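part one of the complex, left exactly where it sits:
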Amino acid sequence: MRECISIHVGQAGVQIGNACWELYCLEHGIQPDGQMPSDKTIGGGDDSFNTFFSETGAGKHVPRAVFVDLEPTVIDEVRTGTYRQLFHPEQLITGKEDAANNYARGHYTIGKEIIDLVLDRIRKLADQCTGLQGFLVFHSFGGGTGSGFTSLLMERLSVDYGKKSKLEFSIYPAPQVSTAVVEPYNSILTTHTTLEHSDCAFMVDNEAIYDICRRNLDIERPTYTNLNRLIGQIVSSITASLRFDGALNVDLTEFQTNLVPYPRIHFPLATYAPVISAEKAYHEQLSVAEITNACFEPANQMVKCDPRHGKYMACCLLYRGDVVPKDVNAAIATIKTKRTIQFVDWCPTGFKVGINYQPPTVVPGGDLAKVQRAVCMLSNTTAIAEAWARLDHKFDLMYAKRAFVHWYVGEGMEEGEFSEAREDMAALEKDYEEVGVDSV
C-alpha cells in the first residue's frame, strides 16, 4: 500500500533518476541486479521500501519508475549501465528526435507521438499498485522535453488519475550549466501549464547546487555527475519519510499539509545540512544543533533567494540518522528564542519534525563525506518568489523584441500563449507578495 510512481523526463530528469535510484538501492541493500538479501518476503511484501520498489517472484526489486526522453542517447546509457538489470526494457522510453530546447516540440510536435505510449507504461505500473498514492516528476525547466513533455504529461495525468498526488522536482536554469538561450521561455511556459496540475514542486537552482559543490566540496568546475550526487541526497531526504518506517517518522503528506497554504503557493525551499568533504569531516562531528542551524544559512539552500528578507509560512525539519527528540527539541527552542525567523501573522510558528533512524548513505567514489546525522529543511518562504522574478526578468527582455518567438510560432504556438503564461507569472509573484502582508 501507498505506492509512488517516479517519472524521469528528459536528460536532467533521467540523469537525476539514475543517481536517485542508485542511492535508494544502496540505502535498502538492493544489488545492481535487483536482488535484496535483507528481504525475507520473496515475491512481495508490505515493507516501507515497497512504496518505491515492486517485487518479482524471482526476488528482483524493480523501481516503480518510467524514464522518458525524446532522444535515445541519455536513456541508452541506463540500458547499458550498472543498473541495466534493475529495470524492465518497457520502463525505458525513447523517441528518435528530441525537442531541440523548444517547449512547443516537446509539448506538441514530437511529444504528441510518444504521449500514449508513456501513458500505457504508467498504467501498467499503476495496475501493479494495491493503493497508489501518486507521482514524483523529475524534469528540467529549460529543455524542450523537460518543459513541454512534462506539461503535456501532467495535463494527461490529471485527466487519467484525477486529483491523485503529483509532486515535482524541477531543475531551475543557471548560466554556468545552461544549454539554451530560450530556457526562460521554456521555464515560464512549463510553470504556467503545470501550475494547476501539481500539488507540490521542489525547485533545484543549478547555480545553488553548483556553488555548494564549489564552496563546500571544493570542486573546480562541477559536473552534472557532482550536481546529481548532491540532488540524490536532497531527494532521498524528502522520500525517506516514504521508504522507511519509524516511530518519529512523519509522512511527506503531513509536511505538505503545512507547506501548502493556498493551492498556487506550493513551491517549498529545500535546505540540506551537512554538505562536507571527507577531509573537512575527519575528526569533526556535527551535532543536531549544528546541522539544524546550518538550515537557516542561505549557503545551504537548493534555490538562491533570501528568506531573511521574506516571511515564513512553514518550517519542516526532516532528520536522518543518530538524532533523538531531546536534542531536536532543544535545537528548535534555541532558534526560536534566537528570534531569527519572521513568520506571516496568519499562521502558527511551529516546526514540523520527522526523524528516520537509517543514516545517510553515500555513493562510492563520491565527494560527500558519510555523516552520522543529516537534516533537510522544507520551508515555505515568500523569498522563493525571487527565483520567479529573475526568470520573469529574463523572459521580459527577450519577449519585448519577440526574440526567438518564431521557433515556437513555427511549431503551432501563438503569441497569446506567451503573454497568458507571463500574466500567470505576474499573478503568482503578486500572490507571493499578498501572502507576506500582515492582516488588518
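Good, I have the coordinates. Residues are numbered from 1 along each chain as shown, chains lettered A, B, ... in the order given.

contacts, neighbours, all on C-alpha from now
Fine.

Please enumerate the helices of the stretch 101-250 of chain A.
For the stretch 101-250 of chain A, the helices defined by DSSP state H, counting those that start in this stretch cover A:103-104, A:115-127, A:144, A:150-161, A:183-195, A:206-215, A:224-243.

show me the contacts for the residue nearest to the spatial centre of chain A.
Ranked by distance to the mean C-alpha position of chain A (Cα atoms, centre = their mean), the top residue is residue A:169 at 2.3 Å. Counting by Cα atoms under 8 Å, 6 or more residues apart in numbering, residue A:169 touches A:136, A:137, A:138, A:139, A:201, A:202, A:203, A:204.

Run through the residues that contact the last one.
Residues in contact with residue A:204, defined by Cα under 8 Å, 6+ apart, are A:169, A:170, A:171, A:172, A:231, A:302, A:303.

now the closest residue to residue A:438 other than its chain neighbours: how far from residue A:377?
Leaving aside its sequence neighbours, residue A:438 sits nearest to residue A:345 (Cα to Cα, 6 or more residues apart in numbering; 5.7 Å). Residue A:345 sits 21 Å away from residue A:377, going by Cα to Cα, to the nearest Å.

the more surrounded of those two?
The neighbour comparison of residue A:345 against residue A:377 (other Cα atoms under 10 Å) goes to residue A:377, with 28 against 15.

The more buried one: what secondary structure?
At residue A:377, secondary structure determined by DSSP: H, G, I helix; E, B strand; the rest coil is strand.

Thought residue A:297 was touching it, still the case?
No: contact between residue A:377 and residue A:297 fails when scored by Cα atoms under 8 Å: they sit 11.0 Å apart.

Isn't residue A:350 up against residue A:312?
No: contact criterion Cα under 8 Å: residue A:350 and residue A:312 do not qualify, at 10.7 Å.

Mind checking which of those two has more residues around it?
residue A:312 (21 against 13).

for the more buried one, what are its contacts?
A:341, A:342, A:343, A:344, A:379, A:380, A:381, A:382.

For it, give its distance to residue A:261.
11 Å.

And residue A:313, by the same measure?
8 Å.

what's the answer for residue A:2, then?
For residue A:2, the distance to residue A:261 - Cα to Cα - is 24 Å.

Repeat that for residue A:152.
The spacing between residue A:152 and residue A:261, counted by Cα to Cα, is 26 Å.

which of the two has more neighbours?
Neighbour comparison, residue A:152 and residue A:261: the larger count goes to residue A:152, with 20 against 15 (by other Cα under 10 Å).

ok, that one touching residue A:107?
Yes: counting by Cα under 8 Å, residue A:107 is a contact partner of residue A:152 at 5.5 Å.

Please list the members of the contacts of residue A:312 that lie in strands.
A:379, A:380, A:381 (DSSP state E).

Quick check: beta-bridge partners of the first one?
According to DSSP bridges, residue A:269, residue A:315 are recorded as the beta-bridge partners of residue A:379.

Can you report how many residues lie near it?
Neighbours around residue A:379, by other Cα under 10 Å: 24.

Isn't it up against residue A:318?
No: counting by Cα under 8 Å, residue A:379 stays clear of residue A:318, with 10.9 Å between them.

Extend the structure above with chain B:
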Amino acid sequence: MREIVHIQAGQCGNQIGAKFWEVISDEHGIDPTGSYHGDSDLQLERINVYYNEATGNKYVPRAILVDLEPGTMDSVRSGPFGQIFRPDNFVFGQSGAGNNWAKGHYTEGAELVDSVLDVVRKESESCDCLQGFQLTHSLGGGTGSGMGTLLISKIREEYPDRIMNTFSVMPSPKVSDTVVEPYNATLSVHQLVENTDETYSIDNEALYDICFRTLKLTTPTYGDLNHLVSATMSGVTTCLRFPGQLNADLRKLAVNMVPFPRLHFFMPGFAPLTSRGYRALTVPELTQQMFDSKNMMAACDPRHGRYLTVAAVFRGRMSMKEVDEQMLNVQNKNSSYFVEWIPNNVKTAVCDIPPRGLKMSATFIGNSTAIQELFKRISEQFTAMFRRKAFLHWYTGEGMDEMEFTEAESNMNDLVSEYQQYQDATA
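With chain B now in place:
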C-alpha cells in the same frame, strides 16, 4: 440506566481508550485474558457497567475500536490487553483521515461509519438497560475529530433518549505542529456543544505543562501525558463502576453538573500528580491539590472564573469526617469562586478502593466558567488563519464551504459569551 457502550476513535482516542481499559481492568481484578482474579466483591458489584460477561465467566469490555487506518489498533491488538477486546469490535479502514476533519466527517469516515454503527447496535442489544455512550478522541486530528463527531450525531439519531459523554483531547502547539488542528478543533467543538451531554475537556497544553513543570520530565512522551489521562479517566468514572450514592449513573451526573445545556464542558482535576516511576497524602493535601490550577487537566485558571458545579471523588481508606471537614473548609474559605445562585453546588463521593500504587487520591470534576480560556485560545488560532482563508483548500477540496467554518466560529464564540454571562451573574 446500567450499561455504558465505549467507543475509541483515531490515534489519540485508541491510545487513551486502550490505557483506560488497562487501568480499570486491573482495578476490577480482570487479567489480560478476561478472567477475574480479585480480592474484593466490590470489584464485581458494578462490573456490568463496562464489561459484558461471557460463557465460562470471562469478562469482555463493552468497547468499540474505530480508525480510518490500521496502525494504532494493530499496536493495541499487539498490546498487553488487546486480547481482552472482542475482535469483531475492531472496525478500521486503510485510507487514513490525514488530520482532516472533512475527511473524517464527510468523505473517508462516511465510507466506514455504518460498519461501526452495526457493532454499536449489536452491543446495545446485549444491554439489559443501556445508560449511554462514552467516546475517547482528539479534536485536532481527522478520524477522532471528524469521524468521532459524526459517530456521536449518528448514535444520537438512533439513541436520542440515551446520554452521550466524551473525553475530548484539545490541541496544543506545545505537543503538535499540524497547522490545521485549530480548524478541526473548532469544527469538533460546534458538534460537541450540540450533541453531547457531558464533555471532559482534556487539554494537551495542561498535560504537557504538568509533565514539564511538576513531574520534571524534560522530554515528555505521549505515554507520559496518557498516564495523567488514564488517572483522570479512572477517577471521573469511579462513581459509575463502584457502589455509591452520588453520581452513580451518567444521567444523575448530568443533572448535577449541567445547569445550562450548552455549558457541559468539564475541567477535570487530580491529586497526587505522578509520573510512571511511598509517601501517602493527607486528606487536607488531596483537597488543596485537586482544586489547585497546577492539578487541572485543562489549561485554565479556575481563579479567573466561577464554579457553576463541582463533583469531588476521594479514593482509598480515609476519614469521612475529615473529607467533609476539608471539603467544607475549601468552599467556606473561597466562597467567591462558587456561584451563589446555585446553592450547595459542590457534591462529594468517597470510594474505599484506591487506584494502583496509590494509598489515596482525589479526582475533581468542575463546571467552571474559566473553561472559556481554552475556547478563547483555539478561537484566537482559528481566526488568525481563517481571516486570511489559509489552508481552507484542504477542506473545500472535500466539498465543504466557508459557511461551515463561519458557523463553527460563531457557535464557539457564542459559547464563550455564555460562560461570561454566568461569570458576571449575581443573585
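
In light of the added chain B, please revisit the contacts of residue A:312.
Counting by Cα atoms under 8 Å, 6 or more residues apart in numbering or on different chains, residue A:312 touches A:341, A:342, A:343, A:344, A:379, A:380, A:381, A:382.

Any chance of the residues you listed in TSV with distance to chain B as columns?
Below are those laid out as TSV (distance: Cα to the nearest Cα, whole Å):
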residue	distance to chain B
A:341	16
A:342	16
A:343	13
A:344	10
A:379	14
A:380	13
A:381	15
A:382	15
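
of all those residues, which comes closest to residue A:84?
The closest of the contacts of residue A:312 to residue A:84 turns out to be residue A:379 (Cα to Cα; 36.7 Å).

my guess is the closest one meets residue A:265, correct?
No: with contact defined as Cα under 8 Å, residue A:379 does not reach residue A:265; the gap is 11.6 Å.

so where do the strands sit in the stretch 151-300 of chain B?
Under the criterion DSSP state E, counting those that start in this stretch, the stretch 151-300 of chain B carries strands at the ranges B:163-170, B:198-203, B:265-271.

which helices and strands sit right next to the first one?
By that I understand strand B:163-170. Applying 3 or more Cα pairs under 8 Å, 6 or more residues apart in numbering or on different chains; DSSP states H and E, one finds that strand B:163-170 makes contact with strand B:130-138, strand B:198-203, helix B:204-209, helix B:250-257.

What is the end-to-end distance of stretch B:126-142?
Using Cα to Cα, first and last residues of stretch B:126-142 are 31 Å apart.

What residues sit buried inside it?
Across stretch B:126-142, burial judged by 16 or more other Cα atoms under 10 Å in any protein chain shown covers B:127, B:130-142.

how far away is the residue nearest the centre of chain B from residue B:382?
What sits nearest the mean C-alpha location of chain B, by Cα atoms, centre = their mean, is residue B:167, with 1.8 Å. Noted for residue B:167: a distance of 22 Å to residue B:382, by Cα to Cα.

What of residue B:189?
Residue B:189 is 12 Å from residue B:382, by Cα to Cα.

Likewise for residue A:25?
Separation of residue A:25 from residue B:382 (Cα to Cα): 44 Å.

Residue of the stretch 151-300 of chain A closest to chain B, please.
Nearest residue of the stretch 151-300 of chain A to chain B, counting by Cα to the nearest Cα: residue A:261, 4.5 Å away.

can you count the residues close to the nearest residue to that residue once chain neighbours are set aside?
Excluding its sequence neighbours, the residue lying closest to residue A:261 (Cα to Cα, 6 or more residues apart in numbering or on different chains) is residue B:391, at 4.5 Å. Neighbour count of residue B:391, defined by other Cα atoms under 10 Å in any protein chain shown: 21.

Contacts only, for residue B:391.
Applying Cα under 8 Å, 6+ apart, the residues near residue B:391 are A:257, A:260, A:261, A:262, B:180, B:385.

Of those residues, grab the buried ones for ChimeraX.
To isolate the buried members of the contacts of residue B:391 in ChimeraX, using 16+ other Cα under 10 Å:
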select /A:257,260,261 /B:180,385
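
Let's see which of the contacts of residue B:391 end up in helices.
A:257, B:385 (DSSP state H).

Phi and psi next, for the residue nearest to residue B:261 when sequence neighbours are not counted.
In space, and not counting its chain neighbours, residue B:261 is closest to residue B:197: 7.5 Å by Cα to Cα, 6+ apart. For residue B:197, the backbone dihedrals (degrees, to the nearest 10) come out as phi -90, psi -40.

Good, wrapping up.
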